[PDB]
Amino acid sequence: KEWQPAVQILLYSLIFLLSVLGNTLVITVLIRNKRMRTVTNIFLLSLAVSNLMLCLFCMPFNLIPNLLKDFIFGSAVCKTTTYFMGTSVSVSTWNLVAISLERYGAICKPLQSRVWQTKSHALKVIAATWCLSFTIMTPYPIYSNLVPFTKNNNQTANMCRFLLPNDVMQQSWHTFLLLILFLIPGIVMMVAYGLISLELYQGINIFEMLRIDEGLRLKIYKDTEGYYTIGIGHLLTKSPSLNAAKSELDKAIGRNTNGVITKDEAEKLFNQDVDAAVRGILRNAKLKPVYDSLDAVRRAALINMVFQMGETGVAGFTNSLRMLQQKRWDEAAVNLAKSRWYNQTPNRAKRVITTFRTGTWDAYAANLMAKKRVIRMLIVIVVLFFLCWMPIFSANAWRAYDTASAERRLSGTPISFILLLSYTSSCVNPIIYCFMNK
């Protein structure tokens, strides 16, 4: 027709510049701001280098020859742009897989797999991803060649084509590429994001709530009351002596801690603490009638209070425990903010009282909600990456099995736009981070 040539220039140019702009924008802000270089964003940086390689060493060398309807570059350029195109897909695919396993480790087995978060391990897999991508994709420059053909009236021209010795090898390669670039990467991705999405669904528990309430302090310190505490809000002694606290501390674990303590000992102590607080609620015969009456998240709010003030300190709140026992939530929330507890620690108390009033985790779900946003962003990046690349890989496979039916139904504009879908992948992710703001 007569529009295709114009629309192709319109579209391929928009896509080329967007991809060049966005990927280098992303490479810039990442090497600039090293606070931004998490483990996640380090694979995101290696994904962005591929997108750029594909935009610069592949997009022109595949559209210009498609517009000219003639491959006017060298035989070596033909071998090259084929080589970087296969490498790009490979790296991107396995970086997405890297991210999914990294997030899985950080969300589903955080204090069980620390190894996969070390940012030196992040540069180890990335180095392995490029190296092995280049190695596995070496048949492209080996078997890529100019195929001479004659447009009408004997005007001789060439075309860059990838031709392995016979039909069986063609079929075996494209089936192998479908396996190691989409089927296997797709399901490892899917099992990971499914488990990630399982944990993130269950939401916030009492250990999460109490971890936000108090943080982690690895050396002795004081509370708003003035008593010595360690780790995640574990009360050592109320005596003013630091010597009685260094003493009570050393007895919490083992060795002479000399004041500073490991994270795994805080967590070991912090689980015994939550153990202690729930045991108190069920041993105090004034709290337990109220505990029984609350749902899971309001139970956690009661556990939070006994964690902070003790079994005996909290059963003192007889007025408020009546109104909770009687499902009167707004009421008991007014009252709890008139207390010394609220006045001593208002931020923590406002949170706990909201939990009591609403029976939800709204007061504590900020870190969870940011995590959900991130994972939902990765699931969109993956899904559009498959959406963008399956067409061209499915067409090359159909060409390796039935070259007649494949070229007869695609060779004009259908493959011209399928190709364009593929190059559109390299400019998708930078627009996605853009919308991840406002």
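Residue indices: 1-based, along the sequence shown.
As the entry records it, the average C-alpha temperature factor is higher for 215-223, out of 215-223 and 135-143. If you average the C-alpha B-factors over 393-401 and over 23-31, the higher value belongs to 23-31. Per the PDB entry, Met36 shows the highest C-alpha temperature factor of the residues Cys388, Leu54, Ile379, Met36. Across the residues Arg103, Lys338, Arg114, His174, the deposited record lists the maximum Cα B factor for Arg114. Ranked within its chain, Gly359 lands in the middle third, by CA B factor from the PDB record.
In this PDB entry, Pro110 carries a Cα temperature factor that places it within the highest third of its chain's modelled residues.
In this PDB entry, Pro346 carries a Cα temperature factor that places it within the lowest third of its chain's modelled residues. In the PDB entry, a CA B factor belonging to the middle third of its chain's modelled residues is recorded for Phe71. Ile99: CA B factor lies in the lowest third for its chain, per the PDB record.
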